[PDB]
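J.: As a preliminary step, the opening chains of the complex are given here in situ:
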Amino acid sequence: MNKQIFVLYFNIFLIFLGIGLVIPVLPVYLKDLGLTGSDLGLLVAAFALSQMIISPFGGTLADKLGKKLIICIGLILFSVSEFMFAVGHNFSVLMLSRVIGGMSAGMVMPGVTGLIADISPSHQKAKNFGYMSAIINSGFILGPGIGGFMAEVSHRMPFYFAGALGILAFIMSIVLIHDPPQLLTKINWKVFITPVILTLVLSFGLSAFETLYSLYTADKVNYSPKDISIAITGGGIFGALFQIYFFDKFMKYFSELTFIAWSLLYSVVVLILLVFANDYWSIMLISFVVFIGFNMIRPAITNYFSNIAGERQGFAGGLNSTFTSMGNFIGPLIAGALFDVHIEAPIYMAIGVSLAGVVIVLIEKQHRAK
Amino acid sequence: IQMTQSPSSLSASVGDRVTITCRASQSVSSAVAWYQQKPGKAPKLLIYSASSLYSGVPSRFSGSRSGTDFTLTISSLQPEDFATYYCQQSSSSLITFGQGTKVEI
């Protein structure tokens, strides 16, 4: 399509890259100040709360005023947030920057989604939601990698990258973006429940493990963010490529729910092995293989959501994004709390939550059979 | 997606209850609309959803859905209602009208 769609997709890719940027460089940031894991999780958690809280208000402002102005205002706010986060000294000025970045993201995303809905044809809507989910997942995976790439030269420079990219996106959006009783009962509240719970548990577990891995490596291996980000993004690309290339064979002999139940089973058994893992290469390999399952769960979940929606793919995308943010905020606070209380309590929570997802899928299958 | 509208003709007096059914084979979405047309003029919007009511339309008109059958109900009739009422569904980019219910007062 036209470059106006490329710019709109970039406006979200960069936002989710900024979402994922903090995790790799976080240990040094809150260890040179000497802060307990609670605040380490609370940073990303507050970002997610800001995003979710401003999402409906951001959409309302986009509707009542205009999509272009809201989009450029949000890009400006995100750029300011990323420039300010690197010039921070204490916890409060960093949490404030994360909150501002979250509100910018949550008031940009509805505007971009509305613009894409208004520019795209009526038939390329499910496909456009597919690209939306793909770009969001790619940003989630790729954020920490860009963080750890030049987290080496200095510990303020990745946020310089984020701010510069935000300014660039704002200047492309300024010159390219131009302006042109049965409402709630359609959802039965009994068909989307299973995919909603499944995407919630997926996002919760993934965010919790992403938060916990850096803390575990910092407190046990005493290593730099470089290969932490390298391992996280390597697991991400491995899982994404594996699924995107072998889904033809996956769909041949497996169903959807069976796939995303055996995924949790594989993840939980590998995490149990991770409990036994205490060596450098051992923990590296076990984290690499753990991330694969969490990364490959998501495509099946969004495919299930698309199949269930059928014609309401906008509703499916909105629900998926909202519950992804729900998981991404519920996770980090509890992960930091358990890491404060015990170094393997987050792992025990993760395996228990994976088993909860397993039994949820099992009861859904039983209900379908009945 | 063809839709059958039953019946074709419907004579009626004033102040009665008249119902018209237009059945859609693939009915999963309530994208049904109804139009009133007078002889030698252009059709005007009557209902634009399953059970909605456009502004400037008398309140006596109403719509409903049951599985696949779409019902238009005229609870009270007046001489003005002498016209032909058509059904339309636009669930996709393709739009298909009904056959017509020319009422004779």
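T.: Ah, there it is. Numbering: from 1, shown residues only, chains lettered A, B, ... in the order given.
J.: how about the nearest residue to residue 44, chain neighbours excluded?
T.: In the absence of a named chain, chain A is used. Closest residue to residue A:44 apart from its sequence neighbours, by Cβ to Cβ, 6 or more residues apart in numbering or on different chains: residue A:332 at 4.8 Å. Heads up, the C-betas are built off the backbone N, CA and C, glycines and all.
J.: meant chain B actually
T.: Leaving aside its sequence neighbours, residue B:44 sits nearest to residue B:36 (Cβ to Cβ, 6+ apart; 5.6 Å).
J.: Can you tell me the strand partners of the one helix or strand that neighbour maps to and which way each runs?
T.: Element membership of residue B:36 [criterion: DSSP states H and E] is strand B:32-37. Partner strands and pairing direction for strand B:32-37 (DSSP bridges) are strand B:44-47 (antiparallel), strand B:84-89 (antiparallel).
J.: List the buried residues for the longest one?
T.: Residues B:85-89 are the ones in strand B:84-89 that count as buried (16 or more other Cβ atoms under 10 Å in any protein chain shown).
J.: do the shortest one as well
T.: Within strand B:44-47, the residues that qualify as buried are B:46-47, counting by 16+ other Cβ under 10 Å.
J.: swap in stretch A:113-129?
T.: For stretch A:113-129, burial by neighbour count (16+ other Cβ under 10 Å) applies to A:113-117, A:125-126, A:128-129.
J.: What's the end-to-end length of it?
T.: 9 Å (Cα to Cα, to the nearest Å).
J.: is chain B contacted by stretch A:122-141?
T.: Yes: Stretch A:122-141 comes into contact with chain B (Cβ under 8 Å from any Cβ of the partner chain), by way of A:122-123.
J.: Now do that stretch: distance to the chain's middle.
T.: Centroid separation for stretch A:122-141 versus its chain: 13 Å, with Cα atoms, centre = their mean, to the nearest Å.
J.: Report the central residue of the chain.
T.: Assuming you mean chain A. residue A:140 (4.5 Å; Cα atoms, centre = their mean).
J.: I was after chain B.
T.: Nearest residue to the geometric centre of chain B (Cα atoms, centre = their mean): residue B:34, 3.9 Å.
J.: Where does residue 19 sit: helix, strand or coil?
T.: Here I'm looking at chain A. Following DSSP: H, G, I helix; E, B strand; the rest coil, residue A:19 is assigned to helix.
J.: ah, no, chain B please
T.: strand.
J.: Would you agree it is in contact with residue B:69?
T.: No: taking contacts as Cβ atoms under 8 Å, residue B:19 lies outside contact range of residue B:69: 10.3 Å.
J.: Now do stretch A:268-287: everything it contacts.
T.: A:213, A:216-217, A:220-221, A:227, A:231-232, A:235, A:289-290, A:293, A:344, A:347, A:350-351, A:354-355, A:358 (Cβ atoms under 8 Å, 6 or more residues apart in numbering or on different chains).
J.: end to end, how far does stretch B:36-54 reach?
T.: Counting by Cα to Cα, you get 12 Å between the two ends of stretch B:36-54.
J.: Buried residues in it, which are they?
T.: Neighbour counts over stretch B:36-54 (16+ other Cβ under 10 Å) mark B:36-37, B:43, B:46-53 as buried.
J.: Just give me the closest of the residues you listed to residue A:157.
T.: Among these, residue B:49 lies closest to residue A:157 (Cβ to Cβ), at 54.8 Å.
J.: which SSE is that closest one in?
T.: Element membership of residue B:49 [criterion: DSSP H and E] is none; it lies in no helix or strand.
J.: quick one, what contacts it?
T.: Residue B:49 neighbours (Cβ under 8 Å, 6+ apart): A:182, B:30-33, B:63.
J.: rerun at 10 Å
T.: Taking Cβ atoms under 10 Å, 6 or more residues apart in numbering or on different chains, we find residue B:49 in contact with A:181-183, B:30-33, B:63, B:65.
J.: can you pick the most crowded of the residues you listed?
T.: Using other Cβ atoms under 10 Å in any protein chain shown as the neighbour criterion, residue B:32 leads those with 26 neighbours.
J.: here's chain C, drop it on:
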Amino acid sequence: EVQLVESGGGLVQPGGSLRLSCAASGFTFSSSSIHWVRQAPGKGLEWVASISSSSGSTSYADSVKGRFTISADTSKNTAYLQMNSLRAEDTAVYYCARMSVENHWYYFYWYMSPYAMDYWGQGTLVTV
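T.: Putting chain C together with the chains above:
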């Protein structure tokens, strides 16, 4: 207020061509889609074509797939229907209506505007 005016029609040789146009006024052309329907004499209506100005997506009926071309220029708020082949079945009174397509933001998701043919202009007549 809002009104739609159409031009063209009249005596057409079989297999000939005619440019049927709809002039728009009173509404936002770039936030709406102009559709064309057909009314055979003494018969029922049938949708013929549709063009969305906000996205450039055009739709044609199966009976008319690949024979009538529709277009709309935003500069003068006009809607064009190009006829390339006419016949006995093509004689009718052609109407021009406006289909409102603008996303409205319910919280957490955008919903399309309900489908409706709101404003209809007095259609012209095409014979033979």
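J.: Once more for the buried residues of stretch B:36-54, now including chain C?
T.: By neighbour count on 16+ other Cβ under 10 Å, the buried set for stretch B:36-54 is B:36-37, B:42-54.
J.: Near chain C, which residues of chain B are found?
T.: Within chain B, the residues that sit near chain C (Cβ under 10 Å from any Cβ of the partner chain) are B:5, B:8, B:29-33, B:35, B:37, B:40-50, B:52, B:54-55, B:84, B:86, B:88-102.
J.: just to revisit the earlier point, tell me how far the strand holding residue B:36 lies from the chain's centre.
T.: 5 Å.
J.: now stretch A:317-337
T.: The chain centre lies 8 Å from the centre of stretch A:317-337; the measure is Cα atoms, centre = their mean.
J.: That one and chain C in contact?
T.: Yes: interface with chain C: stretch A:317-337 contributes A:317-323, A:325 (Cβ under 10 Å from any Cβ).
J.: Just the CA atoms of that stretch, as CSV, please.
T.: Output in CSV follows, covering the C-alpha atoms of stretch A:317-337 (Å, rounded to 0.1, in the frame of the first residue of the first chain):
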residue,chain,number,x,y,z
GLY,A,317,-8.1,-6.5,18.0
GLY,A,318,-9.3,-4.1,20.7
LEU,A,319,-9.9,-6.9,23.2
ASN,A,320,-6.5,-8.5,22.4
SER,A,321,-4.7,-5.2,22.9
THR,A,322,-6.5,-4.4,26.1
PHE,A,323,-5.9,-7.8,27.7
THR,A,324,-2.3,-7.8,26.5
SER,A,325,-1.9,-4.6,28.5
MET,A,326,-3.8,-6.2,31.4
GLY,A,327,-1.2,-9.0,31.5
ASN,A,328,1.7,-6.6,31.0
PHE,A,329,0.7,-4.6,34.0
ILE,A,330,-0.5,-7.5,36.3
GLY,A,331,2.8,-9.4,35.8
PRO,A,332,5.7,-7.1,36.7
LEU,A,333,4.4,-5.9,40.1
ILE,A,334,3.8,-9.4,41.4
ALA,A,335,7.1,-10.6,39.8
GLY,A,336,9.0,-7.9,41.6
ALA,A,337,7.2,-8.7,44.8
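J.: follow-up on the earlier one: so what's the residue nearest to the centre of chain B up against?
T.: Going by Cβ under 10 Å, 6+ apart, residue B:34 touches B:20, B:22, B:43, B:45-48, B:54, B:61, B:63, B:70, B:72, B:85-88, B:98, B:101.
J.: before we move on, what about residue A:218?
T.: Here residue A:218 is in contact with A:26-28, A:30-31, A:37, A:40, A:224-225, A:228 (criterion: Cβ under 10 Å, 6+ apart).
J.: Now do the SS call for it.
T.: helix.
J.: Hmm, residue B:50 is touching residue B:67, no?
T.: No: in this structure, residue B:50 is not within contact of residue B:67 by Cβ atoms under 10 Å, at 11.9 Å.
J.: Find the nearest non-adjacent residue to residue A:258, please.
T.: Excluding the flanking residues, the one nearest residue A:258 by Cβ to Cβ, 6+ apart is residue A:365, at 7.8 Å.
J.: give me the element that neighbour is part of.
T.: Assessed by DSSP H and E, residue A:365 sits inside helix A:345-369.
J.: now for that helix, which elements pack on it?
T.: When contacts are defined as 3 or more Cβ pairs under 10 Å, 6 or more residues apart in numbering or on different chains; DSSP states H and E, helix A:345-369 sits against helix A:193-216, helix A:256-276, helix A:280-309, helix A:313-341.
J.: Just say helix, strand or coil for residue A:107.
T.: Reduced to three states by three-state DSSP, residue A:107 is helix.
J.: how many neighbours does it have?
T.: Residues near residue A:107, counting by other Cβ under 10 Å, number 26.
J.: mind listing what it touches?
T.: By Cβ under 10 Å, 6+ apart, residue A:107 lies in contact with A:50-51, A:54-62, A:70-71, A:73-74, A:77-78.
J.: Look up the closest residue to the residue in the stretch 151-300 of chain A that chain C sits nearest to, ignoring the ones flanking it.
T.: Using Cβ to the nearest Cβ, residue A:180 is the residue of the stretch 151-300 of chain A that sits closest to chain C, at 4.4 Å. In this structure, residue A:180 finds its nearest non-sequential neighbour in residue C:30, 4.4 Å apart by Cβ to Cβ, 6+ apart.
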